[PDB]
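S.K.: Just dropping in an experimental structure and the matching sequence.
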Amino acid sequence: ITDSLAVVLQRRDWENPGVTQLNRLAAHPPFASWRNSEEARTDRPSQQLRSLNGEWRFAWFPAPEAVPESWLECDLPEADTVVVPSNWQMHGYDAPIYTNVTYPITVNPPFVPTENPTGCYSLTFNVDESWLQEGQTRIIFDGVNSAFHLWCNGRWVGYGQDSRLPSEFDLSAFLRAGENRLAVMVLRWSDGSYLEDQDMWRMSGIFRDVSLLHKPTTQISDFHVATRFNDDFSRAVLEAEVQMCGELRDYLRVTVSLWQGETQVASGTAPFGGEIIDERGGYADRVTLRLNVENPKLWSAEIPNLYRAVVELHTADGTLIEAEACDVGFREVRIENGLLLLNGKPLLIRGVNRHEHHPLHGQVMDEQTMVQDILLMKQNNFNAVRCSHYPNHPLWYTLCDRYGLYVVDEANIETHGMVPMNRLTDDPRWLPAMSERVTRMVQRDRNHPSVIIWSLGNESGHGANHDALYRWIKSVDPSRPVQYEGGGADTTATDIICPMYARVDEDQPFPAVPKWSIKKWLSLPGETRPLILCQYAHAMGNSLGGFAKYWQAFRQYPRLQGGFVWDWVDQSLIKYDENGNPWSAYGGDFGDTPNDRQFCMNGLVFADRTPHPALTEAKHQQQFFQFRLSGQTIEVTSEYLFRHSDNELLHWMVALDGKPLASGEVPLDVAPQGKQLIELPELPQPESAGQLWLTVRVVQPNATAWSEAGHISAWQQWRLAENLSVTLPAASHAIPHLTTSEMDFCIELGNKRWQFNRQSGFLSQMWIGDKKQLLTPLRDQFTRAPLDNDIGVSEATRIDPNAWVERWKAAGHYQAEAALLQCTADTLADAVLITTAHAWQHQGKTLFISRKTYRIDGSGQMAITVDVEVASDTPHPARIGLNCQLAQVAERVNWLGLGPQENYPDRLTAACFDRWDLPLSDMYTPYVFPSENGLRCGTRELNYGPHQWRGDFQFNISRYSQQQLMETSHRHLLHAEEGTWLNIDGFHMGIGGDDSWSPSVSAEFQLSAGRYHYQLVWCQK
Ligand SMILES: CC1(C)C(/C=C/c2ccc(O[C@@H]3O[C@H](CO)[C@H](O)[C@H](O)[C@H]3O)cc2)=[N+](CCCCCCCC(=O)O)c2ccccc21
Ligand SMILES: [Mg+2]
Ligand SMILES: [Mg+2]
Ligand code: NA
């Protein structure tokens, strides 16, 4: 009759933001309904919390009206068997859509398309007869994207929205003895989708755990854990509020126990009945228990000391009815005099935004991937994670509790694609839907100590609903600051100025929502709050240029307390090719249109969690140990707030142009915020030529729960003495001969022979024996394969004239062909010298001039001098150097300069100067969107096979031309070219990365001088 699909779907509850659930139970902290209290303290499994994960029957429909009525009674024969949890896009049933701002549906709230992909999950399962005669049996859906109706045994149970928070329903009256059948109809789109416009893949399905929980009729319905402290934290009080449902009776009592290991630290017991709260009395169904704790071990990210609270509901005669439990971190979060304090000390947030993404399972996470992310974060000096932009899987907070990470729990509210952004969040008709997303988050995660900051959501402007919900959290949970960046990052709905992509020194004064410089932002009249960037340093491919500038500002300004880098993972997806070889897909690679292509990849680690090179630049800048050194005394400073360096030694080394001369390892016993001065022993000071470099590293001898033994926590380098080569070079035993063609200038000397084309003006090729050496003439280069930062949002459709790639193209940097002006040759006693002079023009105007002279002496060496002019009105070049295609292909590359990893001018602080030797594999960075990559800076010795270059240059080297990288869109479509492409540059523009839609390379890294000069020397070996 009434459990019909006809009647249920007729309500169209998914096109009505006033109905966000039906018959859904109240929210609460994680429950397990342990019937034994030692089971609760131990955090065992519980015989009352069954998992329904596993094999379900699934069938896909284009619209819920297409679902046959029989599906409520029987299984559909057309249905496949599917593992749950699952995003059905990852099973291939329809495409995942990657859109950023633009809604994947027609913006017509509260309505959704008639084409509403419907996933009809079903599951036949058994229930013990004990669950049917006593108690309450409920089903828990931890995550259903994006809304669903629930049937059990053909009868309709309820409805749910908000896809990142659990939905629980009472099944007691619906369950049969023996076999039962669930039928959950998941809708891809709902009115809740208008609040779920996060910049991510748009997936759907039952993508989190499903569970049965059995509880007694008399039950713990909710419990809150609070910890107040005294002046110096030597004494804490743990307040525990416990609420019950069921038959209230005079013999019912509640005990709350606090443990740490096998030690019961405290406990108290009381009957129900709270304090009088107003004229009608108090809450008879509640009670508050206060437990004193002398010298409590405090919870930090540095030391995640956890107690365990056990909540026993029992009778006076001692019959245990039910037990719940939670981990407890003794920690106080407050903002005082403008600073965010944790346990009275000012935090410095080494944060990152982290989406729930897995390249194969989509948005279906587990435990191994979560622990892998957490280990990788702490191993790269990260103390905080923002759950951008929704409540995470419950296990995530438990893990940050234990491994020690500060967490910003963010409500599942983003209306980015609305025009304006506060069209829904300022509408009071949407306040209920938004309140449910906020209140149910707090009701779920309020006992997790790792949660230090509540967030109202992301990119939804500033509306009155934000103010109402901000004030609701402050009233319900004073334990935590509330932050929200929408509407200009400093509205009345945030305790923290939390801008996204605000720059350090540069004002971006957009109307109504200016992104002021973070330094200036603090200074604004009447402004007193701390500033923690909700998002900063857009790590889209080759990026994080200018990252050190942020952390200089963080350390110099007290109220600049850090921020969360955007972001942790590439949201790459996995496709399969001709032969089933996997490759990384991004926007549009599933036929999804419209889409925002590579903007789904902003991580410091690839989707497989392999690191990008920018990761160690973050690790270096966010390291907890700062170093100064005067002469021989290293000043090392702890930026830890709670721990001594009781598992850290400093290894030190001093090396002249690579070769080590002195080792050493002295222990470190620096106090939190303290200092320690280490006198270095008599370091050797040789009269030898070259630069002497000191390198100190902080090494953890013992294994942590997040590192292995020997892990490096921090490092720093200084150039000590440098003695300049004063020696007159070793005399020659031969004079090279010059040969003047009508077309060529050719020089010869033993094995070596060089050939300059007098019509081109370039070194066309050189010889060693009967073995050719070049496949392309050694020519200039003023361009690079554009990085995602140079492209920005520029597409073939809508072009971004302000983007760097478009300023270059419009001036003809890529179409510029050389036009030779002078190319001589002269016989000198010591050598032969050809001087060239090329000009680059496009549509008339001469952009660049490059006067060179090459000097091949008895030397066996070839001295190239380059003196480049660049017009004062052409856009600054991305590069000023040379490139050529080597015939040689060698297995290893050795160089003297900053390494070992990729590094660029505005991203080289993590690199160290040394002699580095890697396979050619690692001199190319496999950015999924190919670009310029693998560059090493500060280099003046490069050894590849028989060749050797020296000067003071920057170089990248691999199998890929930079017009192949430019004309290719996916890494898996690149093929090794014949030979080896090498770009040698005396200068190279920075990569930028404060954001990836505006030019973000600061003036000091723009090739803007006008005249330029570098010197290379080519030689065999
Ligand atoms: C300023 C700029 C670069 C621009 C930039 C808009 C812009 C940039 C970024 C953005 O969202 C950002 O995208 C990131 C992707 O990794 C992250 O999600 C980040 O959290 C988020 O803030 C949202 C909008 N548009 C693209 C506009 C598309 C519609 C978006 C909303 C702006 C509007 O229409 O008012 C044009 C178009 C022509 C010239 C210049 C521009
Ligand atoms: Mg609805
Ligand atoms: Mg957005
Ligand atoms: Na993005």
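M.R.: Happy to help now that I have it. Numbering: from 1, shown residues only. Ligands and ions are numbered 1, 2, ... in the order given.

S.K.: In contact with residue 733, which residues?
M.R.: Residue 733 makes contact with residue 858, according to CB atoms under 8 Å, 6 or more residues apart in numbering. Yep, even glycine has a C-beta here, placed from its N, CA and C like the rest.

S.K.: For it, give its distance to residue 751.
M.R.: Here residue 733 is placed at a distance of 14 Å from residue 751 (CB to CB, to the nearest Å).

S.K.: Show me which residues of the stretch 151-300 of the chain sit near ligand 3.
M.R.: The stretch 151-300 of the chain comes close to ligand 3 at residues residue 199, as judged by CB under 5 Å from the ion.

S.K.: got it, and the chain?
M.R.: In this structure, the chain approaches ligand 3 at residues 199, 416, 459, judged by CB under 5 Å from the ion.

S.K.: quick one: the last one and residue 722, what's the gap?
M.R.: Using CB to CB, one obtains 50 Å as the distance from residue 459 to residue 722.

S.K.: Which one's more surrounded, those two?
M.R.: Set residue 459 next to residue 722 and count neighbours by other CB atoms under 10 Å: residue 459 wins out with 22 against 12.

S.K.: my read: the more buried one touches residue 418, true?
M.R.: No - under the criterion of CB atoms under 8 Å, residue 459 is not in contact with residue 418, lying 9.6 Å apart.

S.K.: so what sits against both of those two?
M.R.: residue 197.

S.K.: Using the three-state scheme, assign residue 324.
M.R.: When the structure is reduced to helix, strand and coil (DSSP: H, G, I helix; E, B strand; the rest coil), residue 324 reads as strand.

S.K.: who's in contact with it?
M.R.: Remark: with contacts taken as CB under 8 Å, 6+ apart, residue 324 is in contact with 29, 31-34, 40, 220, 223, 310-311.

S.K.: List just the nearest of those residues to ligand 1.
M.R.: Of all those, the one sitting nearest ligand 1 is residue 29; the distance, using CB to the nearest ligand atom, is 30.0 Å.

S.K.: Please report the number of neighbouring residues for the closest one.
M.R.: Here the neighbour count serves as a burial measure; for residue 29 (other CB under 10 Å) it reads 20.

S.K.: And the one 5 residues further on, by the same measure?
M.R.: The tally of other residues near residue 34 (other CB under 10 Å) stands at 26.

S.K.: just residue 1007 next, same as before
M.R.: 22.

S.K.: Also residue 612?
M.R.: The number of residues near residue 612, taken as other CB under 10 Å, comes to 24.

S.K.: which non-adjacent residue is nearest it?
M.R.: residue 604 (5.4 Å; CB to CB, 6 or more residues apart in numbering).

S.K.: before we move on, back to that, mind checking which of the contacts of residue 324 are in helices?
M.R.: Under the assignment DSSP state H, the contacts of residue 324 contribute residue 40 to helices.

S.K.: And stretch 153-167, what's buried?
M.R.: Neighbour-count burial for stretch 153-167, counted by 16 or more other CB atoms under 10 Å, picks out 153, 156-167.

S.K.: Report the two of these separated the most.
M.R.: In terms of CB to CB, the buried residues of stretch 153-167 reach their longest pairwise distance at 153 and 164, which sit 28.4 Å apart.

S.K.: hey, where'd the helices end up in the chain?
M.R.: Taking DSSP H, the helices of the chain run over residues 5-10, 37-42, 130-133, 368-378, 394-403, 431-445, 464-476, 518-523, 547-556, 614-621, 788-791, 804-811, 962-967.

S.K.: mind giving me JSON lines with these and columns for mean neighbour count and distance to residue 288?
M.R.: Listed next are the helices of the chain as JSON lines, based on neighbours: other CB atoms under 10 Å; distance: least, CB to CB, whole Å:
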{"stretch": "helix 5-10", "mean neighbour count": "14", "distance to residue 288": "42"}
{"stretch": "helix 37-42", "mean neighbour count": "18", "distance to residue 288": "20"}
{"stretch": "helix 130-133", "mean neighbour count": "12", "distance to residue 288": "32"}
{"stretch": "helix 368-378", "mean neighbour count": "19", "distance to residue 288": "34"}
{"stretch": "helix 394-403", "mean neighbour count": "21", "distance to residue 288": "23"}
{"stretch": "helix 431-445", "mean neighbour count": "22", "distance to residue 288": "17"}
{"stretch": "helix 464-476", "mean neighbour count": "18", "distance to residue 288": "15"}
{"stretch": "helix 518-523", "mean neighbour count": "18", "distance to residue 288": "39"}
{"stretch": "helix 547-556", "mean neighbour count": "18", "distance to residue 288": "40"}
{"stretch": "helix 614-621", "mean neighbour count": "24", "distance to residue 288": "43"}
{"stretch": "helix 788-791", "mean neighbour count": "26", "distance to residue 288": "54"}
{"stretch": "helix 804-811", "mean neighbour count": "20", "distance to residue 288": "61"}
{"stretch": "helix 962-967", "mean neighbour count": "17", "distance to residue 288": "64"}
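
S.K.: closest one to residue 691 among those helices?
M.R.: Closest approach to residue 691 among the helices of the chain is made by helix 614-621 (20.5 Å; CB to CB).

S.K.: helices or strands next to that closest one in the packing?
M.R.: Taking 3 or more CB pairs under 8 Å, 6 or more residues apart in numbering; DSSP states H and E as contact, the helices and strands that helix 614-621 lies on are helix 547-556.

S.K.: for the helix it packs on, packing partners?
M.R.: If you count contacts as 3+ CB pairs under 8 Å, 6+ apart, helix 547-556 packs onto strand 560-565, helix 614-621.

S.K.: Number of residues surrounding residue 343?
M.R.: The number of residues near residue 343, taken as other CB under 10 Å, comes to 17.

S.K.: Show me what the nearest residue to it once chain neighbours are set aside is bridged to.
M.R.: For residue 343, ignoring the flanking residues on the chain, the nearest one in space by CB to CB, 6+ apart is residue 298 at 5.2 Å. Per DSSP bridges, residues listed as beta-bridge partners of residue 298: residue 330.

S.K.: how close does residue 298 get to ligand 4?
M.R.: The span separating residue 298 from ligand 4 equals 36 Å under the rule CB to the ion, to the nearest Å.

S.K.: Thought residue 305 was touching that residue, still the case?
M.R.: Yes - contact status for residue 298 versus residue 305: in contact at 6.2 Å, counting by CB under 8 Å.

S.K.: which residues are in contact with both of those two?
M.R.: Here residue 298 and residue 305 have residue 330 as joint contacts, going by CB under 8 Å, 6+ apart.

S.K.: From the neighbour counts alone, determine which of the two ranks first.
M.R.: residue 298 (22 against 18).

S.K.: Can you list the buried residues in stretch 866-873?
M.R.: So, applying 16+ other CB under 10 Å, buried residues of stretch 866-873: 866, 868-870.

S.K.: Now distance to residue 534 too, for those residues, in a markdown table please.
M.R.: As requested, the buried residues of stretch 866-873 are exported to a markdown table (distance: CB to CB, whole Å):
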| residue | distance to residue 534 |
| --- | --- |
| 866 | 45 |
| 868 | 42 |
| 869 | 44 |
| 870 | 39 |
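
S.K.: Out of the residues you listed, flag the one nearest to residue 8.
M.R.: Within the buried residues of stretch 866-873, distances to residue 8 taken as CB to CB reach their minimum at residue 870, with 69.5 Å.

S.K.: The residue nearest to residue 612 and residue 908, how far apart?
M.R.: Relative to residue 908, residue 604 is positioned 17 Å away (criterion: CB to CB).

S.K.: Which of those two has more residues huddled nearby?
M.R.: A count of neighbours by other CB under 10 Å puts residue 604 above the other of residue 604 and residue 908, at 29 against 24.

S.K.: wait, the more buried one sits on residue 352?
M.R.: Yes - contact criterion CB under 8 Å: residue 604 and residue 352 qualify, at 7.1 Å.

S.K.: intersection of neighbour lists for those two?
M.R.: With CB under 8 Å, 6+ apart applied, the overlap between the contact sets of residue 604 and residue 352 consists of 565, 567-568, 618.

S.K.: Most neighbours among the residues you listed, which one is it?
M.R.: Within the shared contacts of residue 604 and residue 352, most neighbours by other CB under 10 Å means residue 565, with 29 neighbours.
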